[PDB]
Amino acid sequence: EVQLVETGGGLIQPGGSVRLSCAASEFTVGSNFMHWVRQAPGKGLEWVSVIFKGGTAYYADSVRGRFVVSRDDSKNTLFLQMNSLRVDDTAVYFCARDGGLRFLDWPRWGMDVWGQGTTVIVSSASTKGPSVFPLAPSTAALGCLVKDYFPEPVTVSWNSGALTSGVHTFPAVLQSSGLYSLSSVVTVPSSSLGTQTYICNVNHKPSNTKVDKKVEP
Amino acid sequence: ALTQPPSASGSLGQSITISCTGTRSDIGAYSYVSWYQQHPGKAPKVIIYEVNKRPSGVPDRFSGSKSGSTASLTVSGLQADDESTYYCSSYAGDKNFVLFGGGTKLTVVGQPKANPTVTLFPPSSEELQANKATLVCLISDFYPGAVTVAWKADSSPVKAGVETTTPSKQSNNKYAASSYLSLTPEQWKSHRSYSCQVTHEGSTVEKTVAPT
């Protein structure tokens, strides 16, 4: 399937740097106008940069001189190198394909394939990875309690992304302490508590922590 | 700058038209206006490009236009799926730059009411062994997005230790929320049972767990 897969990012101190990667599948980044678009917490979309098929890069004023967009065609990957980071660079970063015009080396300025987004947090705050506990009953459900982490976000998958049906990940709660917790759940037939074992994959990039927890009711 | 209304509301099965006001330097000068639909937590999806062209696969019921320096998106046959935030963009016209509007959050009224599914988990043995205990009350598939959550210890109401989330929209376009009751392992094991009571549109559903 056509797709863009993003990696990199996390929590970086002001003035530091990070590199984001955007890996294409079933199309070539060099045949397209590849954009970076970002979205600050609670805010809208803001354009960051584009790289033309020939390698020429253009940048929004807010990032000019600090960010570098480039491609590694041998790896069919688009990069965003983000230097001299500022608190206001905090955002989710999307890469996106702009097919350009049919007969001309010009963008159409609309993007039809988008990466899933990767979060960059520019902060001097300390971090804490989650503790993950199994949820089992005692149609039904089993899940993982992802407890006491900071800052947001955490992403959750099941069986390394092979299981999507019946999966529901719930929004995080702000605890009395200011830490966060959330839960993710798989819905199953109550008869199917026939002891299938499930694995929840919890990613907390801010603390560079990944947790696989076995859930066996 | 591209200016969009912060919110709009259309009726199920009907239409809504959202505006995007730019300048003669961008929307007025070029036919490179795009429209994006974004569900919370998801990447945007393009639904119109070059003012009125439908990207591959996008159904007919999405259409776009512009008159002067204002572009407009129309969504006909409104469905529950269409609730989301819509962003317009335009080629800056002056330099290789994309301008974005601030977004319009679209509400679709007249949707069918849905009562929540409620799942209550007791503390895991692994958490108790860690000298902690959390009751987890999960609430899903309800519309519209507003619930009240109350907890009982045995039969008695309890406010201490309760943390309840705001409602958030799901992939099925229904809302979800969570409520967590923090108690000591002593509190958990010494009580006959704990209950989570979820109220939605006057309809209250109760679930109960017990240490035994």
# chains A, B, ... in the order shown; residues from 1 in each chain; ligands from 1
>>> interface_residues(of="chain A", to="chain B", cutoff="9 Å", atoms="only C-alpha atoms", output="number ranges by chain")
A: 43-50, 58-60, 94, 108-117, 132-138, 140-142, 145, 168-176, 182-183, 185
>>> select_by_dssp(residues="region 50-208 of chain A", states="strand (DSSP E)", output="number ranges by chain")
A: 50-51, 57-59, 67-72, 77-82, 91-98, 113-114, 118-122, 131-135, 140-149, 155-158, 167-169, 173-174, 180-188, 198-204
>>> atom_distance(atom1="CA of residue 14 (chain B)", atom2="CA of residue 76 (chain B)")
5.8 Å
>>> select_by_dssp(residues="region 102-144 of chain B", states="alpha helix (DSSP H)", output="PyMOL selection string")
chain B and resi 125-129
>>> residues_around(residues="region 21-31 of chain A", least_positions_apart="2", cutoff="9 Å", atoms="only C-alpha atoms", output="JSON, numbers by chain")
{"A": [1, 2, 3, 4, 5, 6, 7, 8, 9, 19, 33, 34, 52, 53, 54, 55, 71, 72, 73, 75, 76, 77, 78, 79, 80, 81, 94, 95, 96, 97, 99, 115]}
>>> write_last_selection(atoms="C-alpha atoms", output="short mmCIF file (atom, residue, chain, number, x, y, z; two decimals), in the first residue's frame")
data_model
loop_
_atom_site.label_atom_id
_atom_site.label_comp_id
_atom_site.auth_asym_id
_atom_site.auth_seq_id
_atom_site.Cartn_x
_atom_site.Cartn_y
_atom_site.Cartn_z
CA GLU A 1 0.00 0.00 0.00
CA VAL A 2 1.04 3.59 -0.67
CA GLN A 3 2.09 5.12 2.62
CA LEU A 4 4.47 7.39 4.51
CA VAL A 5 5.90 6.19 7.85
CA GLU A 6 7.44 8.71 10.22
CA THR A 7 9.95 8.13 13.01
CA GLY A 8 12.18 10.23 15.22
CA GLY A 9 11.41 13.12 17.50
CA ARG A 19 16.01 14.64 12.98
CA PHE A 33 7.01 17.49 -4.02
CA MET A 34 7.40 16.41 -0.40
CA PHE A 52 11.13 20.00 -5.10
CA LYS A 53 11.99 17.03 -7.30
CA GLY A 54 15.37 18.58 -8.08
CA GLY A 55 16.32 18.98 -4.41
CA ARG A 71 16.01 13.36 0.83
CA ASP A 72 17.98 10.12 0.66
CA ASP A 73 16.65 8.67 -2.58
CA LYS A 75 16.54 4.92 1.08
CA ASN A 76 13.38 6.51 -0.38
CA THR A 77 13.20 8.63 2.76
CA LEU A 78 12.50 12.30 3.45
CA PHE A 79 14.24 13.97 6.39
CA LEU A 80 13.69 17.08 8.48
CA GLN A 81 16.75 18.16 10.48
CA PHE A 94 3.51 15.47 9.33
CA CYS A 95 5.14 14.68 6.02
CA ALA A 96 2.96 14.65 2.93
CA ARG A 97 3.08 13.93 -0.80
CA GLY A 99 1.88 15.03 -6.73
CA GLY A 115 2.47 10.29 7.33
#
>>> residues_around(residues="residue 65 (chain A)", least_positions_apart="6", cutoff="10 Å", atoms="only C-alpha atoms", output="PyMOL selection string")
chain A and resi 59+82-84
>>> write_last_selection(atoms="N, CA and C atoms", output="mmCIF file, in the first residue's frame")
data_model
loop_
_atom_site.group_PDB
_atom_site.id
_atom_site.type_symbol
_atom_site.label_atom_id
_atom_site.label_comp_id
_atom_site.auth_asym_id
_atom_site.auth_seq_id
_atom_site.Cartn_x
_atom_site.Cartn_y
_atom_site.Cartn_z
ATOM 1 N N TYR A 59 11.289 27.051 2.756
ATOM 2 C CA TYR A 59 11.027 27.030 4.187
ATOM 3 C C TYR A 59 10.100 28.168 4.584
ATOM 4 N N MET A 82 16.109 19.430 12.451
ATOM 5 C CA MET A 82 15.588 20.565 13.203
ATOM 6 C C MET A 82 16.639 20.990 14.221
ATOM 7 N N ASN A 83 17.324 22.098 13.947
ATOM 8 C CA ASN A 83 18.381 22.613 14.811
ATOM 9 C C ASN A 83 17.889 23.814 15.614
ATOM 10 N N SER A 84 18.686 24.200 16.609
ATOM 11 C CA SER A 84 18.408 25.375 17.440
ATOM 12 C C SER A 84 16.939 25.421 17.851
#
>>> residues_around(residues="residue 90 (chain A)", least_positions_apart="3", cutoff="6 Å", atoms="only C-alpha atoms", output="PyMOL selection string")
chain A and resi 87+120-122
>>> residues_around(residues="region 202-209 of chain A", least_positions_apart="4", cutoff="10 Å", atoms="only C-alpha atoms", output="ChimeraX atom specification")
/A:8-12,118-121,126-132,144,146,149-158,160,184,213
>>> write_last_selection(atoms="N, CA and C atoms", output="CSV table (one decimal), in the first residue's frame")
chain,number,residue,atom,x,y,z
A,8,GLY,N,11.4,9.2,14.7
A,8,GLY,CA,12.2,10.2,15.2
A,8,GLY,C,11.4,11.2,16.1
A,9,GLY,N,12.1,12.2,16.6
A,9,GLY,CA,11.4,13.1,17.5
A,9,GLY,C,11.6,12.8,19.0
A,10,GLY,N,10.6,13.2,19.8
A,10,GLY,CA,10.7,13.0,21.2
A,10,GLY,C,10.8,14.3,21.9
A,11,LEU,N,11.4,14.3,23.1
A,11,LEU,CA,11.5,15.5,23.9
A,11,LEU,C,13.0,16.0,23.9
A,12,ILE,N,13.2,17.2,23.5
A,12,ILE,CA,14.5,17.8,23.3
A,12,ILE,C,14.6,19.1,24.1
A,118,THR,N,4.6,12.6,13.9
A,118,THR,CA,5.5,12.3,15.0
A,118,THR,C,5.6,13.6,15.8
A,119,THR,N,5.7,13.4,17.1
A,119,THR,CA,5.6,14.5,18.1
A,119,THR,C,7.0,15.0,18.5
A,120,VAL,N,7.3,16.3,18.4
A,120,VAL,CA,8.5,16.9,18.9
A,120,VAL,C,8.1,17.8,20.1
A,121,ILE,N,8.6,17.6,21.2
A,121,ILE,CA,8.4,18.5,22.4
A,121,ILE,C,9.7,19.1,22.7
A,126,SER,N,11.5,17.6,33.1
A,126,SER,CA,11.8,16.2,33.3
A,126,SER,C,10.7,15.3,32.8
A,127,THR,N,11.0,14.0,32.6
A,127,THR,CA,10.1,13.0,32.0
A,127,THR,C,10.0,11.8,32.9
A,128,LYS,N,8.9,11.0,32.7
A,128,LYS,CA,8.7,9.8,33.5
A,128,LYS,C,8.0,8.8,32.6
A,129,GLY,N,8.6,7.6,32.4
A,129,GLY,CA,8.0,6.6,31.5
A,129,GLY,C,6.8,5.9,32.3
A,130,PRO,N,5.9,5.3,31.5
A,130,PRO,CA,4.7,4.7,32.2
A,130,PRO,C,5.0,3.4,32.8
A,131,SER,N,4.3,3.0,33.8
A,131,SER,CA,4.1,1.7,34.3
A,131,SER,C,2.9,1.1,33.6
A,132,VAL,N,3.0,-0.1,33.1
A,132,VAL,CA,1.9,-0.7,32.4
A,132,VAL,C,1.4,-2.0,33.1
A,144,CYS,N,-4.7,-2.8,28.8
A,144,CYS,CA,-3.5,-2.4,29.4
A,144,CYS,C,-3.8,-1.1,30.1
A,146,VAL,N,-2.0,2.1,31.4
A,146,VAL,CA,-0.7,2.8,31.1
A,146,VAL,C,-0.7,4.0,32.1
A,149,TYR,N,2.7,8.6,33.6
A,149,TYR,CA,3.7,9.0,32.7
A,149,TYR,C,3.6,10.5,32.5
A,150,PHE,N,4.7,11.1,32.0
A,150,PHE,CA,4.8,12.5,31.7
A,150,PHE,C,6.0,12.8,30.8
A,151,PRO,N,5.8,13.7,29.8
A,151,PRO,CA,4.6,14.3,29.4
A,151,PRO,C,3.8,13.4,28.4
A,152,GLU,N,2.7,13.9,27.9
A,152,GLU,CA,2.1,13.2,26.8
A,152,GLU,C,3.0,13.4,25.6
A,153,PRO,N,2.8,12.5,24.5
A,153,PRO,CA,1.8,11.5,24.4
A,153,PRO,C,2.4,10.1,24.6
A,154,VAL,N,1.5,9.1,24.7
A,154,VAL,CA,1.8,7.7,24.5
A,154,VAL,C,0.9,7.1,23.4
A,155,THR,N,1.5,6.3,22.6
A,155,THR,CA,0.8,5.5,21.6
A,155,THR,C,0.7,4.1,22.0
A,156,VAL,N,-0.4,3.4,21.7
A,156,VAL,CA,-0.6,2.0,22.0
A,156,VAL,C,-1.0,1.3,20.7
A,157,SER,N,-0.4,0.1,20.5
A,157,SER,CA,-0.8,-0.9,19.5
A,157,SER,C,-1.0,-2.2,20.2
A,158,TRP,N,-1.5,-3.2,19.5
A,158,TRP,CA,-1.7,-4.5,20.0
A,158,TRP,C,-1.1,-5.5,19.0
A,160,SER,N,1.8,-5.7,18.0
A,160,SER,CA,2.7,-5.0,17.1
A,160,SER,C,2.0,-4.5,15.8
A,184,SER,N,-6.0,1.1,27.1
A,184,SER,CA,-6.3,0.6,25.8
A,184,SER,C,-6.9,-0.8,26.0
A,213,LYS,N,3.5,-5.5,27.1
A,213,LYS,CA,2.9,-6.1,28.3
A,213,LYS,C,2.0,-7.2,27.9
>>> atom_distance(atom1="CA of residue 161 (chain A)", atom2="CA of residue 92 (chain A)")
20.9 Å
>>> atom_distance(atom1="CA of residue 10 (chain B)", atom2="CA of residue 108 (chain B)")
5.1 Å
>>> residues_around(residues="region 64-66 of chain B", least_positions_apart="5", cutoff="8 Å", atoms="only C-alpha atoms", output="PyMOL selection string")
chain B and resi 27+48+51-53+71-74
